[PDB]
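What follows is a short report on a single structure.
Please treat every number below as a calculation from the coordinates, not as lab data. As a convention, Cβ positions derive from the backbone with ideal geometry for all residues, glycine included, and neighbour counts pool all protein chains shown.
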Ligand SMILES: O=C1C(=O)N(Cc2cccc(O)c2)[C@H]2CNC[C@@H]2N1Cc1cccc(O)c1
Ligand SMILES: [Cl-]
Ligand SMILES: [Cl-]
Ligand SMILES: [Cl-]
């Protein structure tokens, strides 16, 4: 699809068998999702936000659907204001910026 | 142009007679620039996300040139670690997400 930016670019994702709303965020290096259960071992990760740094949990090779497009990759879990699909997965689904 | 997301989508902007590097950020509602002088009245605002909030100065009707495209809108100025072009200006240059 082509998504304009007059409103927040919110889409539906599927992760852990559940539908969630998430923001397509080209300003985010990484994908971060609100607290939920994911399989496997995790590693620590620091995000640098506009207001400061924050530590989250990194899960690798997680299955996730974004607007119906299947992806498998790194998902961070922590206290994000909104679920964020960052560049790591935007690249997987072939998303570009155009003007 | 078409901009892939393998790396941060940084572009050159011209604002207030100055050249700066800024991030095209579809997850940002607003545009926020590091400390600099801008003309006109301003009012204080708080903007935030995963790492906390920062206090910024809101300037309205500011002309910017983003990667060669002129636009006008509100620009926030404050202690942001990265210059951010948000949706309020991305729309004006015709920027969309495509996949
Ligand atoms: O921390 C923030 C942040 O505060 N904002 C909000 C913001 C920032 C500037 C202006 C505005 O109106 C809103 C977000 C927006 N996209 C990534 C901005 N980030 C960075 C981020 C987020 C998640 C994962 C990452 O790897 C990086
Ligand atoms: Cl990944
Ligand atoms: Cl505006
Ligand atoms: Cl449009």
query = How long is the stretch A:4-99 along each principal axis, judged by its Cα atoms, biggest number first, in Å?
reply = 39, 32, 19
ask   = In nm, one decimal, shortest first: how far is the label point of residue A:79 (7 Å from Cα along Cα to beta carbon) from the matching points in the other copies?
value = 2.0
key: Residue among B:15, B:72, B:54 with the largest mean-square fluctuation in a Gaussian network model of chain B, springs linking Cα atoms under 10 Å   = B:54
note = Looking along the axis that carries chain B onto chain A, the residue of B whose Cβ comes nearest, with distance in whole Å, is B:52, 2
key: Residue of B:56, B:32, B:11 that the Gaussian network model of chain B assigns the largest fluctuation, springs spanning Cα pairs under 10 Å   = B:11
key: Label geometry 7 Å along the beta-carbon vector: residue A:65 inter-copy distances in nm   = 4.7
Ascending list, in nanometres, of distances separating the residue A:20 label from those of the other copies (7 Å, Cα toward Cβ) = 3.2
remark   = Among A:49, A:86, A:73, the residue with the largest mean-square fluctuation in a Gaussian network model of chain A built from Cα contacts under 10 Å is A:49
query = Please state the relative contact order of chain A as a whole percent: Cα pairs under 8 Å, 6+ residues apart?
reply = 33 percent
query = If each residue's Cβ is checked for other Cβ atoms within 10 Å, how do A:75, B:82 rank with the fewest at the top?
reply = B:82, A:75
ask   = Hey, got the average number of other protein chain Cβ atoms within 10 angstrom for residues in B:4-17?
value = 3
ask   = For the protein assembly as shown, what is the mean residue ellipticity at 222 nm derived from helices alone (per DSSP H run of n ≥ 4: -39500 (n - 2.57); sum divided by total residues; nearest 500 deg cm²/dmol)?
value = -1000 deg cm²/dmol
